[PDB]
file run_29.cif (mmCIF, N, CA, C and O atoms)
data_upload
#
loop_
_atom_site.group_PDB
_atom_site.id
_atom_site.type_symbol
_atom_site.label_atom_id
_atom_site.label_comp_id
_atom_site.auth_asym_id
_atom_site.auth_seq_id
_atom_site.Cartn_x
_atom_site.Cartn_y
_atom_site.Cartn_z
ATOM 1 N N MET A 1 13.185 17.317 -29.283
ATOM 2 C CA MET A 1 14.004 18.515 -28.993
ATOM 3 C C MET A 1 14.945 18.244 -27.828
ATOM 4 O O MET A 1 14.629 17.458 -26.933
ATOM 5 N N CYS A 2 16.101 18.893 -27.846
ATOM 6 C CA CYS A 2 17.080 18.757 -26.779
ATOM 7 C C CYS A 2 18.052 19.929 -26.828
ATOM 8 O O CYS A 2 19.092 19.865 -27.487
ATOM 9 N N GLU A 3 17.690 21.009 -26.153
ATOM 10 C CA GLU A 3 18.483 22.229 -26.168
ATOM 11 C C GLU A 3 18.848 22.662 -24.748
ATOM 12 O O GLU A 3 19.820 23.389 -24.543
ATOM 13 N N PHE A 4 18.082 22.191 -23.770
ATOM 14 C CA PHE A 4 18.241 22.647 -22.388
ATOM 15 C C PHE A 4 17.716 21.601 -21.413
ATOM 16 O O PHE A 4 17.023 21.919 -20.445
ATOM 17 N N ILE A 5 18.092 20.357 -21.648
ATOM 18 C CA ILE A 5 17.546 19.241 -20.858
ATOM 19 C C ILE A 5 18.599 18.194 -20.539
ATOM 20 O O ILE A 5 19.005 18.059 -19.390
ATOM 21 N N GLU A 6 19.056 17.461 -21.536
ATOM 22 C CA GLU A 6 20.204 16.573 -21.346
ATOM 23 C C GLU A 6 21.477 17.406 -21.199
ATOM 24 O O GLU A 6 22.553 16.895 -20.894
ATOM 25 N N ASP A 7 21.318 18.704 -21.411
ATOM 26 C CA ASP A 7 22.411 19.663 -21.355
ATOM 27 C C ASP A 7 22.490 20.304 -19.974
ATOM 28 O O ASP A 7 23.243 21.254 -19.764
ATOM 29 N N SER A 8 21.708 19.777 -19.034
ATOM 30 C CA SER A 8 21.605 20.344 -17.688
ATOM 31 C C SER A 8 22.929 20.293 -16.912
ATOM 32 O O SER A 8 23.012 20.797 -15.793
ATOM 33 N N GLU A 9 23.953 19.683 -17.496
ATOM 34 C CA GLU A 9 25.252 19.596 -16.844
ATOM 35 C C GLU A 9 25.957 20.949 -16.879
ATOM 36 O O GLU A 9 26.596 21.359 -15.907
ATOM 37 N N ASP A 10 25.832 21.650 -17.995
ATOM 38 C CA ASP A 10 26.495 22.934 -18.145
ATOM 39 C C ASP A 10 25.515 24.074 -17.913
ATOM 40 O O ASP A 10 24.996 24.675 -18.854
ATOM 41 N N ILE A 11 25.270 24.366 -16.646
ATOM 42 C CA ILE A 11 24.412 25.481 -16.262
ATOM 43 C C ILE A 11 25.172 26.796 -16.455
ATOM 44 O O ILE A 11 24.631 27.894 -16.296
ATOM 45 N N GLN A 12 26.441 26.662 -16.816
ATOM 46 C CA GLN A 12 27.307 27.805 -17.032
ATOM 47 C C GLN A 12 26.919 28.533 -18.320
ATOM 48 O O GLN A 12 26.811 29.760 -18.335
ATOM 49 N N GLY A 13 26.685 27.776 -19.388
ATOM 50 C CA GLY A 13 26.237 28.366 -20.632
ATOM 51 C C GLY A 13 24.723 28.368 -20.781
ATOM 52 O O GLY A 13 24.158 29.285 -21.377
ATOM 53 N N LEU A 14 24.057 27.357 -20.230
ATOM 54 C CA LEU A 14 22.625 27.209 -20.404
ATOM 55 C C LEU A 14 21.896 27.328 -19.076
ATOM 56 O O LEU A 14 21.808 26.370 -18.310
ATOM 57 N N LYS A 15 21.370 28.509 -18.811
ATOM 58 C CA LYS A 15 20.568 28.731 -17.615
ATOM 59 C C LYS A 15 19.090 28.669 -17.961
ATOM 60 O O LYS A 15 18.242 29.219 -17.258
ATOM 61 N N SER A 16 18.794 27.976 -19.055
ATOM 62 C CA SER A 16 17.422 27.732 -19.475
ATOM 63 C C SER A 16 16.793 26.650 -18.599
ATOM 64 O O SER A 16 15.622 26.305 -18.746
ATOM 65 N N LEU A 17 17.593 26.131 -17.675
ATOM 66 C CA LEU A 17 17.143 25.125 -16.725
ATOM 67 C C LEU A 17 16.297 25.783 -15.634
ATOM 68 O O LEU A 17 15.735 25.113 -14.766
ATOM 69 N N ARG A 18 16.209 27.109 -15.702
ATOM 70 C CA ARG A 18 15.427 27.897 -14.756
ATOM 71 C C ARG A 18 13.960 27.489 -14.791
ATOM 72 O O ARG A 18 13.330 27.311 -13.749
ATOM 73 N N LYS A 19 13.432 27.309 -15.993
ATOM 74 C CA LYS A 19 12.021 26.965 -16.158
ATOM 75 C C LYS A 19 11.793 25.486 -15.887
ATOM 76 O O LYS A 19 10.665 25.053 -15.649
ATOM 77 N N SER A 20 12.869 24.719 -15.909
ATOM 78 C CA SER A 20 12.799 23.315 -15.565
ATOM 79 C C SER A 20 12.779 23.192 -14.046
ATOM 80 O O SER A 20 12.085 22.344 -13.482
ATOM 81 N N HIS A 21 13.529 24.079 -13.383
ATOM 82 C CA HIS A 21 13.526 24.137 -11.935
ATOM 83 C C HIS A 21 12.181 24.650 -11.408
ATOM 84 O O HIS A 21 11.803 24.338 -10.281
ATOM 85 N N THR A 22 11.459 25.427 -12.227
ATOM 86 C CA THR A 22 10.127 25.947 -11.824
ATOM 87 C C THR A 22 9.167 24.850 -11.303
ATOM 88 O O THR A 22 8.484 25.068 -10.302
ATOM 89 N N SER A 23 9.111 23.676 -11.951
ATOM 90 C CA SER A 23 8.194 22.622 -11.532
ATOM 91 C C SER A 23 8.647 21.964 -10.228
ATOM 92 O O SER A 23 7.946 21.116 -9.680
ATOM 93 N N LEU A 24 9.833 22.354 -9.754
ATOM 94 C CA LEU A 24 10.383 21.859 -8.480
ATOM 95 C C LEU A 24 10.695 20.362 -8.559
ATOM 96 O O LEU A 24 10.906 19.699 -7.546
ATOM 97 N N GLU A 25 10.740 19.836 -9.775
ATOM 98 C CA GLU A 25 11.035 18.425 -9.983
ATOM 99 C C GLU A 25 12.320 18.260 -10.778
ATOM 100 O O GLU A 25 12.583 17.202 -11.355
ATOM 101 N N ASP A 26 13.125 19.310 -10.800
ATOM 102 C CA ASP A 26 14.369 19.285 -11.551
ATOM 103 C C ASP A 26 15.472 18.698 -10.705
ATOM 104 O O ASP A 26 16.352 17.990 -11.192
ATOM 105 N N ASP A 27 15.375 18.962 -9.422
ATOM 106 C CA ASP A 27 16.380 18.514 -8.466
ATOM 107 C C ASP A 27 16.189 17.048 -8.119
ATOM 108 O O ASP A 27 16.929 16.483 -7.311
ATOM 109 N N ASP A 28 15.186 16.440 -8.730
ATOM 110 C CA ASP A 28 15.025 14.994 -8.671
ATOM 111 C C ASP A 28 16.142 14.352 -9.474
ATOM 112 O O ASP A 28 16.562 13.226 -9.208
ATOM 113 N N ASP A 29 16.600 15.107 -10.469
ATOM 114 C CA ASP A 29 17.776 14.774 -11.283
ATOM 115 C C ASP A 29 17.504 13.628 -12.258
ATOM 116 O O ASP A 29 18.223 13.466 -13.244
ATOM 117 N N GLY A 30 16.462 12.849 -11.992
ATOM 118 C CA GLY A 30 16.126 11.713 -12.834
ATOM 119 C C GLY A 30 15.957 12.087 -14.294
ATOM 120 O O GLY A 30 16.445 11.386 -15.181
ATOM 121 N N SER A 31 15.291 13.204 -14.545
ATOM 122 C CA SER A 31 15.023 13.646 -15.906
ATOM 123 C C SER A 31 16.117 14.579 -16.426
ATOM 124 O O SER A 31 15.908 15.321 -17.384
ATOM 125 N N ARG A 32 17.283 14.537 -15.804
ATOM 126 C CA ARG A 32 18.391 15.391 -16.210
ATOM 127 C C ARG A 32 19.557 14.566 -16.739
ATOM 128 O O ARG A 32 20.332 14.000 -15.968
ATOM 129 N N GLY A 33 19.665 14.482 -18.059
ATOM 130 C CA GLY A 33 20.767 13.773 -18.672
ATOM 131 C C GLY A 33 20.401 12.350 -19.031
ATOM 132 O O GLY A 33 20.555 11.929 -20.180
ATOM 133 N N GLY A 34 19.906 11.611 -18.050
ATOM 134 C CA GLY A 34 19.541 10.233 -18.274
ATOM 135 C C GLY A 34 18.128 9.927 -17.832
ATOM 136 O O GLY A 34 17.917 9.106 -16.939
ATOM 137 N N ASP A 35 17.153 10.590 -18.451
ATOM 138 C CA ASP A 35 15.738 10.294 -18.162
ATOM 139 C C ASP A 35 15.401 8.874 -18.607
ATOM 140 O O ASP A 35 14.463 8.254 -18.104
ATOM 141 N N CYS A 36 16.187 8.347 -19.535
ATOM 142 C CA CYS A 36 15.988 6.995 -20.008
ATOM 143 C C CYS A 36 17.106 6.095 -19.493
ATOM 144 O O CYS A 36 18.141 5.922 -20.135
ATOM 145 N N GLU A 37 16.882 5.548 -18.311
ATOM 146 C CA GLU A 37 17.810 4.625 -17.675
ATOM 147 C C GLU A 37 17.057 3.935 -16.553
ATOM 148 O O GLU A 37 17.408 4.033 -15.379
ATOM 149 N N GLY A 38 15.995 3.257 -16.941
ATOM 150 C CA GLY A 38 15.046 2.741 -15.993
ATOM 151 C C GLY A 38 13.654 2.783 -16.577
ATOM 152 O O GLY A 38 12.726 3.317 -15.972
ATOM 153 N N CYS A 39 13.532 2.239 -17.782
ATOM 154 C CA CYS A 39 12.293 2.283 -18.546
ATOM 155 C C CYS A 39 11.196 1.471 -17.856
ATOM 156 O O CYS A 39 10.389 2.024 -17.106
ATOM 157 N N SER A 40 11.194 0.160 -18.113
ATOM 158 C CA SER A 40 10.222 -0.790 -17.565
ATOM 159 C C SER A 40 8.832 -0.563 -18.132
ATOM 160 O O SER A 40 8.226 -1.470 -18.695
ATOM 161 N N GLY A 41 8.354 0.658 -18.017
ATOM 162 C CA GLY A 41 7.019 0.972 -18.526
ATOM 163 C C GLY A 41 7.044 1.259 -20.006
ATOM 164 O O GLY A 41 6.111 1.857 -20.544
ATOM 165 N N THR A 42 8.110 0.843 -20.670
ATOM 166 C CA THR A 42 8.198 1.001 -22.104
ATOM 167 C C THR A 42 8.113 -0.369 -22.763
ATOM 168 O O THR A 42 9.024 -1.181 -22.638
ATOM 169 N N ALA A 43 6.999 -0.631 -23.429
ATOM 170 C CA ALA A 43 6.765 -1.929 -24.040
ATOM 171 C C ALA A 43 7.427 -2.029 -25.394
ATOM 172 O O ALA A 43 7.080 -1.324 -26.342
ATOM 173 N N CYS A 44 8.373 -2.927 -25.451
ATOM 174 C CA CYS A 44 9.093 -3.245 -26.655
ATOM 175 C C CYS A 44 8.648 -4.585 -27.188
ATOM 176 O O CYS A 44 8.315 -5.497 -26.436
ATOM 177 N N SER A 45 8.578 -4.684 -28.485
ATOM 178 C CA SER A 45 8.531 -5.978 -29.113
ATOM 179 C C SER A 45 9.953 -6.415 -29.419
ATOM 180 O O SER A 45 10.283 -7.598 -29.344
ATOM 181 N N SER A 46 10.795 -5.448 -29.770
ATOM 182 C CA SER A 46 12.200 -5.721 -30.010
ATOM 183 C C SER A 46 13.067 -5.028 -28.961
ATOM 184 O O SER A 46 12.763 -3.919 -28.521
ATOM 185 N N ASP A 47 14.163 -5.678 -28.586
ATOM 186 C CA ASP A 47 15.123 -5.123 -27.640
ATOM 187 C C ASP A 47 15.911 -3.951 -28.210
ATOM 188 O O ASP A 47 16.507 -3.194 -27.444
ATOM 189 N N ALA A 48 15.902 -3.769 -29.534
ATOM 190 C CA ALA A 48 16.727 -2.776 -30.157
ATOM 191 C C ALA A 48 16.340 -1.368 -29.716
ATOM 192 O O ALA A 48 17.160 -0.451 -29.741
ATOM 193 N N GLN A 49 15.094 -1.202 -29.286
ATOM 194 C CA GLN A 49 14.607 0.094 -28.890
ATOM 195 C C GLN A 49 14.914 0.338 -27.424
ATOM 196 O O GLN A 49 15.082 1.476 -27.014
ATOM 197 N N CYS A 50 15.029 -0.732 -26.633
ATOM 198 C CA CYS A 50 15.456 -0.574 -25.245
ATOM 199 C C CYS A 50 16.943 -0.314 -25.245
ATOM 200 O O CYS A 50 17.465 0.405 -24.392
ATOM 201 N N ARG A 51 17.618 -0.928 -26.212
ATOM 202 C CA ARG A 51 19.009 -0.620 -26.487
ATOM 203 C C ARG A 51 19.136 0.860 -26.810
ATOM 204 O O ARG A 51 20.007 1.555 -26.294
ATOM 205 N N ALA A 52 18.227 1.332 -27.652
ATOM 206 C CA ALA A 52 18.189 2.738 -28.037
ATOM 207 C C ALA A 52 17.722 3.608 -26.877
ATOM 208 O O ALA A 52 17.949 4.818 -26.863
ATOM 209 N N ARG A 53 17.057 2.991 -25.906
ATOM 210 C CA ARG A 53 16.622 3.716 -24.714
ATOM 211 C C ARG A 53 17.766 3.882 -23.732
ATOM 212 O O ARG A 53 17.658 4.626 -22.761
ATOM 213 N N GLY A 54 18.870 3.193 -23.990
ATOM 214 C CA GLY A 54 19.970 3.178 -23.047
ATOM 215 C C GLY A 54 19.602 2.411 -21.798
ATOM 216 O O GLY A 54 20.373 2.340 -20.840
ATOM 217 N N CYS A 55 18.401 1.856 -21.816
ATOM 218 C CA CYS A 55 17.917 1.045 -20.702
ATOM 219 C C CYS A 55 18.670 -0.275 -20.626
ATOM 220 O O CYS A 55 19.617 -0.369 -19.848
ATOM 221 N N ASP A 56 18.310 -1.277 -21.423
ATOM 222 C CA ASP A 56 19.100 -2.501 -21.457
ATOM 223 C C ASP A 56 18.550 -3.460 -22.484
ATOM 224 O O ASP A 56 19.234 -3.799 -23.443
ATOM 225 N N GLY A 57 17.314 -3.896 -22.300
ATOM 226 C CA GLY A 57 16.779 -4.872 -23.215
ATOM 227 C C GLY A 57 15.314 -5.136 -23.030
ATOM 228 O O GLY A 57 14.719 -4.781 -22.012
ATOM 229 N N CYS A 58 14.741 -5.743 -24.043
ATOM 230 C CA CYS A 58 13.385 -6.252 -23.973
ATOM 231 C C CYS A 58 13.394 -7.586 -23.248
ATOM 232 O O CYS A 58 14.265 -8.421 -23.497
ATOM 233 N N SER A 59 12.442 -7.804 -22.355
ATOM 234 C CA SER A 59 12.437 -9.033 -21.592
ATOM 235 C C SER A 59 11.375 -9.984 -22.121
ATOM 236 O O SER A 59 10.689 -9.668 -23.097
ATOM 237 N N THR A 60 11.259 -11.150 -21.496
ATOM 238 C CA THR A 60 10.120 -12.055 -21.749
ATOM 239 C C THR A 60 8.772 -11.308 -21.863
ATOM 240 O O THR A 60 7.886 -11.742 -22.599
ATOM 241 N N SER A 61 8.618 -10.176 -21.170
ATOM 242 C CA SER A 61 7.329 -9.523 -21.081
ATOM 243 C C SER A 61 7.185 -8.345 -22.044
ATOM 244 O O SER A 61 6.262 -7.538 -21.902
ATOM 245 N N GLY A 62 8.062 -8.263 -23.039
ATOM 246 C CA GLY A 62 8.003 -7.166 -23.978
ATOM 247 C C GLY A 62 8.070 -5.817 -23.291
ATOM 248 O O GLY A 62 7.421 -4.865 -23.715
ATOM 249 N N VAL A 63 8.819 -5.748 -22.207
ATOM 250 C CA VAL A 63 9.041 -4.494 -21.514
ATOM 251 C C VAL A 63 10.517 -4.142 -21.594
ATOM 252 O O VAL A 63 11.360 -5.022 -21.787
ATOM 253 N N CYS A 64 10.832 -2.877 -21.415
ATOM 254 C CA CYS A 64 12.206 -2.410 -21.630
ATOM 255 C C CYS A 64 12.883 -2.234 -20.287
ATOM 256 O O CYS A 64 12.666 -1.252 -19.601
ATOM 257 N N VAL A 65 13.751 -3.169 -19.948
ATOM 258 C CA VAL A 65 14.309 -3.263 -18.602
ATOM 259 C C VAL A 65 15.708 -3.831 -18.677
ATOM 260 O O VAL A 65 16.245 -3.988 -19.770
ATOM 261 N N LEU A 66 16.306 -4.130 -17.532
ATOM 262 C CA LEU A 66 17.443 -5.026 -17.530
ATOM 263 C C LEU A 66 16.893 -6.426 -17.817
ATOM 264 O O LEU A 66 16.545 -7.173 -16.898
ATOM 265 N N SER A 67 16.769 -6.730 -19.107
ATOM 266 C CA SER A 67 16.193 -7.989 -19.580
ATOM 267 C C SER A 67 16.875 -9.211 -18.932
ATOM 268 O O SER A 67 18.033 -9.498 -19.237
ATOM 269 N N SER A 68 16.191 -9.922 -18.030
ATOM 270 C CA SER A 68 16.701 -11.182 -17.529
ATOM 271 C C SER A 68 16.040 -12.319 -18.299
ATOM 272 O O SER A 68 14.954 -12.775 -17.940
ATOM 273 N N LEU A 69 16.680 -12.750 -19.376
ATOM 274 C CA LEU A 69 16.074 -13.716 -20.282
ATOM 275 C C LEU A 69 16.062 -15.111 -19.673
ATOM 276 O O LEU A 69 17.105 -15.751 -19.527
ATOM 277 N N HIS A 70 14.870 -15.566 -19.316
ATOM 278 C CA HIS A 70 14.685 -16.910 -18.794
ATOM 279 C C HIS A 70 14.442 -17.876 -19.945
ATOM 280 O O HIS A 70 13.298 -18.098 -20.347
ATOM 281 N N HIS A 71 15.530 -18.427 -20.478
ATOM 282 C CA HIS A 71 15.480 -19.333 -21.628
ATOM 283 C C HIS A 71 15.045 -18.587 -22.883
ATOM 284 O O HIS A 71 13.924 -18.765 -23.367
ATOM 285 N N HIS A 72 15.940 -17.736 -23.393
ATOM 286 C CA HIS A 72 15.694 -16.974 -24.623
ATOM 287 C C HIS A 72 14.535 -15.998 -24.439
ATOM 288 O O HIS A 72 14.104 -15.730 -23.316
ATOM 289 N N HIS A 73 14.057 -15.443 -25.542
ATOM 290 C CA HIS A 73 12.872 -14.598 -25.528
ATOM 291 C C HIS A 73 12.064 -14.811 -26.801
ATOM 292 O O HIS A 73 12.543 -14.554 -27.908
ATOM 293 N N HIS A 74 10.842 -15.302 -26.639
ATOM 294 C CA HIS A 74 9.964 -15.566 -27.771
ATOM 295 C C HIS A 74 9.405 -14.265 -28.324
ATOM 296 O O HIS A 74 8.836 -14.232 -29.413
ATOM 297 N N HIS A 75 9.570 -13.198 -27.556
ATOM 298 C CA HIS A 75 9.252 -11.862 -28.026
ATOM 299 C C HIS A 75 10.477 -11.275 -28.705
ATOM 300 O O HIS A 75 11.408 -10.862 -27.988
#

call {"tool": "encode", "arguments": {"input": "run_29.cif", "output": "structure tokens"}}
result
Amino acid sequence: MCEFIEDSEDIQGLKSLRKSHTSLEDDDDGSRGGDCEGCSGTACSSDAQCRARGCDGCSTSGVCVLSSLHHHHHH
């Protein structure tokens, strides 16, 4: 679902961010618009899903990060 979350930019039309502000963790901003831009704790076998995460890539360690490929990736 995505009706009042990545849409947190337009508080003009969507003030449904009120209940998101309730947890007092909305102003962290991390989970507003780009909650997926710093995965790491997302284990990928394929980079295509880190690509889909908007993160960057699967690394040597099958994690979703800015993949720094040290001599290709056997994963």

call {"tool": "atom_distance", "arguments": {"input": "run_29.cif", "atom1": "atom O of residue 26 (chain A)", "atom2": "atom N of residue 3 (chain A)"}}
result
15.3 Å

call {"tool": "resolve_selection", "arguments": {"input": "run_29.cif", "expression": "the PyMOL selection byres (((chain A and resi 40-55 and name CA) around 12) and name CA)", "output": "short mmCIF file (atom, residue, chain, number, x, y, z; two decimals) with N, CA, C and O atoms, keeping the file's coordinate frame"}}
result
data_model
loop_
_atom_site.label_atom_id
_atom_site.label_comp_id
_atom_site.auth_asym_id
_atom_site.auth_seq_id
_atom_site.Cartn_x
_atom_site.Cartn_y
_atom_site.Cartn_z
N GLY A 33 19.66 14.48 -18.06
CA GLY A 33 20.77 13.77 -18.67
C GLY A 33 20.40 12.35 -19.03
O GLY A 33 20.56 11.93 -20.18
N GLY A 34 19.91 11.61 -18.05
CA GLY A 34 19.54 10.23 -18.27
C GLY A 34 18.13 9.93 -17.83
O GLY A 34 17.92 9.11 -16.94
N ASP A 35 17.15 10.59 -18.45
CA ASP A 35 15.74 10.29 -18.16
C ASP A 35 15.40 8.87 -18.61
O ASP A 35 14.46 8.25 -18.10
N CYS A 36 16.19 8.35 -19.54
CA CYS A 36 15.99 7.00 -20.01
C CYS A 36 17.11 6.10 -19.49
O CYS A 36 18.14 5.92 -20.14
N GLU A 37 16.88 5.55 -18.31
CA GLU A 37 17.81 4.62 -17.68
C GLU A 37 17.06 3.94 -16.55
O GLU A 37 17.41 4.03 -15.38
N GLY A 38 16.00 3.26 -16.94
CA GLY A 38 15.05 2.74 -15.99
C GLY A 38 13.65 2.78 -16.58
O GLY A 38 12.73 3.32 -15.97
N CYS A 39 13.53 2.24 -17.78
CA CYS A 39 12.29 2.28 -18.55
C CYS A 39 11.20 1.47 -17.86
O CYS A 39 10.39 2.02 -17.11
N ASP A 56 18.31 -1.28 -21.42
CA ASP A 56 19.10 -2.50 -21.46
C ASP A 56 18.55 -3.46 -22.48
O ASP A 56 19.23 -3.80 -23.44
N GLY A 57 17.31 -3.90 -22.30
CA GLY A 57 16.78 -4.87 -23.22
C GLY A 57 15.31 -5.14 -23.03
O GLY A 57 14.72 -4.78 -22.01
N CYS A 58 14.74 -5.74 -24.04
CA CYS A 58 13.38 -6.25 -23.97
C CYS A 58 13.39 -7.59 -23.25
O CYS A 58 14.26 -8.42 -23.50
N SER A 59 12.44 -7.80 -22.36
CA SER A 59 12.44 -9.03 -21.59
C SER A 59 11.38 -9.98 -22.12
O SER A 59 10.69 -9.67 -23.10
N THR A 60 11.26 -11.15 -21.50
CA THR A 60 10.12 -12.06 -21.75
C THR A 60 8.77 -11.31 -21.86
O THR A 60 7.89 -11.74 -22.60
N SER A 61 8.62 -10.18 -21.17
CA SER A 61 7.33 -9.52 -21.08
C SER A 61 7.18 -8.35 -22.04
O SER A 61 6.26 -7.54 -21.90
N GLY A 62 8.06 -8.26 -23.04
CA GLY A 62 8.00 -7.17 -23.98
C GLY A 62 8.07 -5.82 -23.29
O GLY A 62 7.42 -4.86 -23.72
N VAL A 63 8.82 -5.75 -22.21
CA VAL A 63 9.04 -4.49 -21.51
C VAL A 63 10.52 -4.14 -21.59
O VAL A 63 11.36 -5.02 -21.79
N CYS A 64 10.83 -2.88 -21.42
CA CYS A 64 12.21 -2.41 -21.63
C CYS A 64 12.88 -2.23 -20.29
O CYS A 64 12.67 -1.25 -19.60
N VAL A 65 13.75 -3.17 -19.95
CA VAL A 65 14.31 -3.26 -18.60
C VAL A 65 15.71 -3.83 -18.68
O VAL A 65 16.24 -3.99 -19.77
N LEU A 66 16.31 -4.13 -17.53
CA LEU A 66 17.44 -5.03 -17.53
C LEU A 66 16.89 -6.43 -17.82
O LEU A 66 16.55 -7.17 -16.90
N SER A 67 16.77 -6.73 -19.11
CA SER A 67 16.19 -7.99 -19.58
C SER A 67 16.88 -9.21 -18.93
O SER A 67 18.03 -9.50 -19.24
N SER A 68 16.19 -9.92 -18.03
CA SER A 68 16.70 -11.18 -17.53
C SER A 68 16.04 -12.32 -18.30
O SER A 68 14.95 -12.78 -17.94
N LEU A 69 16.68 -12.75 -19.38
CA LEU A 69 16.07 -13.72 -20.28
C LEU A 69 16.06 -15.11 -19.67
O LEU A 69 17.10 -15.75 -19.53
N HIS A 73 14.06 -15.44 -25.54
CA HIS A 73 12.87 -14.60 -25.53
C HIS A 73 12.06 -14.81 -26.80
O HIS A 73 12.54 -14.55 -27.91
N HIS A 74 10.84 -15.30 -26.64
CA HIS A 74 9.96 -15.57 -27.77
C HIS A 74 9.40 -14.26 -28.32
O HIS A 74 8.84 -14.23 -29.41
N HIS A 75 9.57 -13.20 -27.56
CA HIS A 75 9.25 -11.86 -28.03
C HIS A 75 10.48 -11.28 -28.70
O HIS A 75 11.41 -10.86 -27.99
#

call {"tool": "axis_aligned_box", "arguments": {"input": "run_29.cif", "around": "region 28-40 of chain A", "padding_each_side": "6 Å", "output": "AutoDock Vina command-line options"}}
result
--center_x 14.5 --center_y 7.5 --center_z -14.4 --size_x 24.5 --size_y 29.9 --size_z 23.5

call {"tool": "atom_distance", "arguments": {"input": "run_29.cif", "atom1": "atom N of residue 19 (chain A)", "atom2": "CA of residue 4 (chain A)"}}
result
9.3 Å

call {"tool": "select_by_dssp", "arguments": {"input": "run_29.cif", "residues": "region 20-66 of chain A", "states": "strand (DSSP E)", "output": "PDB file with N, CA, C and O atoms, in the coordinates of the input"}}
result
ATOM      1  N   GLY A  57      17.314  -3.896 -22.300  1.00  0.00           N
ATOM      2  CA  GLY A  57      16.779  -4.872 -23.215  1.00  0.00           C
ATOM      3  C   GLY A  57      15.314  -5.136 -23.030  1.00  0.00           C
ATOM      4  O   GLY A  57      14.719  -4.781 -22.012  1.00  0.00           O
ATOM      5  N   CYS A  58      14.741  -5.743 -24.043  1.00  0.00           N
ATOM      6  CA  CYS A  58      13.385  -6.252 -23.973  1.00  0.00           C
ATOM      7  C   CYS A  58      13.394  -7.586 -23.248  1.00  0.00           C
ATOM      8  O   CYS A  58      14.265  -8.421 -23.497  1.00  0.00           O
ATOM      9  N   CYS A  64      10.832  -2.877 -21.415  1.00  0.00           N
ATOM     10  CA  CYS A  64      12.206  -2.410 -21.630  1.00  0.00           C
ATOM     11  C   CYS A  64      12.883  -2.234 -20.287  1.00  0.00           C
ATOM     12  O   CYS A  64      12.666  -1.252 -19.601  1.00  0.00           O
ATOM     13  N   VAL A  65      13.751  -3.169 -19.948  1.00  0.00           N
ATOM     14  CA  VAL A  65      14.309  -3.263 -18.602  1.00  0.00           C
ATOM     15  C   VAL A  65      15.708  -3.831 -18.677  1.00  0.00           C
ATOM     16  O   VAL A  65      16.245  -3.988 -19.770  1.00  0.00           O
TER      17      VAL A  65
END

call {"tool": "decode", "arguments": {"input": "run_29.cif", "residues": "region 10-24 of chain A", "atoms": "N, CA and C atoms", "output": "mmCIF file, in the first residue's frame"}}
result
data_model
loop_
_atom_site.group_PDB
_atom_site.id
_atom_site.type_symbol
_atom_site.label_atom_id
_atom_site.label_comp_id
_atom_site.auth_asym_id
_atom_site.auth_seq_id
_atom_site.Cartn_x
_atom_site.Cartn_y
_atom_site.Cartn_z
ATOM 1 N N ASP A 10 3.444 16.086 -0.219
ATOM 2 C CA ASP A 10 2.297 16.965 -0.363
ATOM 3 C C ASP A 10 1.371 16.840 0.837
ATOM 4 N N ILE A 11 1.736 17.519 1.912
ATOM 5 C CA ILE A 11 0.914 17.560 3.116
ATOM 6 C C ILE A 11 -0.276 18.495 2.886
ATOM 7 N N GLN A 12 -0.269 19.138 1.726
ATOM 8 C CA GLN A 12 -1.316 20.069 1.352
ATOM 9 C C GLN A 12 -2.610 19.317 1.035
ATOM 10 N N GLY A 13 -2.500 18.234 0.271
ATOM 11 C CA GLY A 13 -3.657 17.413 -0.021
ATOM 12 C C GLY A 13 -3.819 16.246 0.942
ATOM 13 N N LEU A 14 -2.708 15.704 1.432
ATOM 14 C CA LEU A 14 -2.748 14.523 2.273
ATOM 15 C C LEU A 14 -2.230 14.827 3.669
ATOM 16 N N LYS A 15 -3.149 15.061 4.587
ATOM 17 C CA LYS A 15 -2.791 15.274 5.984
ATOM 18 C C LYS A 15 -2.994 13.993 6.774
ATOM 19 N N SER A 16 -2.956 12.875 6.057
ATOM 20 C CA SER A 16 -3.033 11.556 6.669
ATOM 21 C C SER A 16 -1.696 11.204 7.319
ATOM 22 N N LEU A 17 -0.741 12.116 7.184
ATOM 23 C CA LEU A 17 0.577 11.965 7.780
ATOM 24 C C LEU A 17 0.504 12.253 9.281
ATOM 25 N N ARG A 18 -0.682 12.660 9.727
ATOM 26 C CA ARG A 18 -0.937 12.959 11.131
ATOM 27 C C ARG A 18 -0.685 11.735 12.002
ATOM 28 N N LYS A 19 -1.158 10.585 11.543
ATOM 29 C CA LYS A 19 -1.023 9.349 12.313
ATOM 30 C C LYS A 19 0.378 8.777 12.168
ATOM 31 N N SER A 20 1.092 9.237 11.156
ATOM 32 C CA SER A 20 2.474 8.848 10.971
ATOM 33 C C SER A 20 3.336 9.676 11.916
ATOM 34 N N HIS A 21 2.943 10.941 12.103
ATOM 35 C CA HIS A 21 3.614 11.809 13.049
ATOM 36 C C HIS A 21 3.356 11.356 14.490
ATOM 37 N N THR A 22 2.235 10.660 14.722
ATOM 38 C CA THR A 22 1.910 10.145 16.077
ATOM 39 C C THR A 22 3.065 9.343 16.726
ATOM 40 N N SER A 23 3.754 8.472 15.973
ATOM 41 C CA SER A 23 4.822 7.658 16.541
ATOM 42 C C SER A 23 6.067 8.492 16.846
ATOM 43 N N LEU A 24 6.033 9.766 16.446
ATOM 44 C CA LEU A 24 7.128 10.714 16.717
ATOM 45 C C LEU A 24 8.401 10.315 15.967
#
